[PDB]
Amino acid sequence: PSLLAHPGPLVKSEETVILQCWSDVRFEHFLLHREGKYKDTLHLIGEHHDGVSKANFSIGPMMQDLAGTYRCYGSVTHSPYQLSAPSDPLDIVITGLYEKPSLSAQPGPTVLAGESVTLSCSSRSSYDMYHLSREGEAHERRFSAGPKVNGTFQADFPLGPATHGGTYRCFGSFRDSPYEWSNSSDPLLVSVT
């Protein structure tokens, strides 16, 4: 069973996101499970169309307790449901809780293919961790304040040789609450020619 967030895993406080469970395997039920100290499971009757089974879970107005790692399971029995193998884990985080950092490009937003571009994320408020996100991509990059316990005001993300353009966003977070992030910085569209 596969699991993906719509429109994505970064969820603004109090908004809602949809986590969709789907498989080729015709499951009558789908159980969306959240790990952690707020572990829980949601259940939805499956739906089959072009030979595929899927369920859309609406993750209620985003709240801190709803953030964390999720996994779903297909099932074909009646409660207690006999569960299939879990999907790959998917982290969901709540954003919009702290002052957005500033995001900028060293060469600049417009660069030549093959030339190096570096993004800097900064803030007058210290963050223990900075996150660099690119629209359309799952992997995120991180920069830690490290062992030091008083956060850091800046994070540089060298992207290396420009290859394809993209829209970037960065966020700050604290060590004691890793799934809770700041408001997004203004998006930075990078163009390569």
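Note that residue numbering begins at 1 and tracks the sequence as displayed.
Looking at 133-141 and 51-59 together, the entry lists the larger mean B-factor for 51-59, computed on C-alpha atoms.
Stretches 120-128 and 142-150 differ in mean C-alpha B factor, with the higher average recorded for 142-150. The entry assigns its greatest Cα B factor, within the set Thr110, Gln106, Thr95, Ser102, to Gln106.
Highest CA B-factor among the listed residues (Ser23, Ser13, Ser173, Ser185): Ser23. The entry lists a Cα temperature factor for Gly8 that places it in the lowest third of the chain's modelled residues. Per the deposited record, the Cα B-factor of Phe30 falls in the middle third when ranked against the other modelled residues of its chain.
Annotation for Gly165: C-alpha temperature factor in the highest third relative to the rest of the modelled chain, per the entry. For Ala67, the recorded CA temperature factor ranks within the middle third of the chain's modelled residues.
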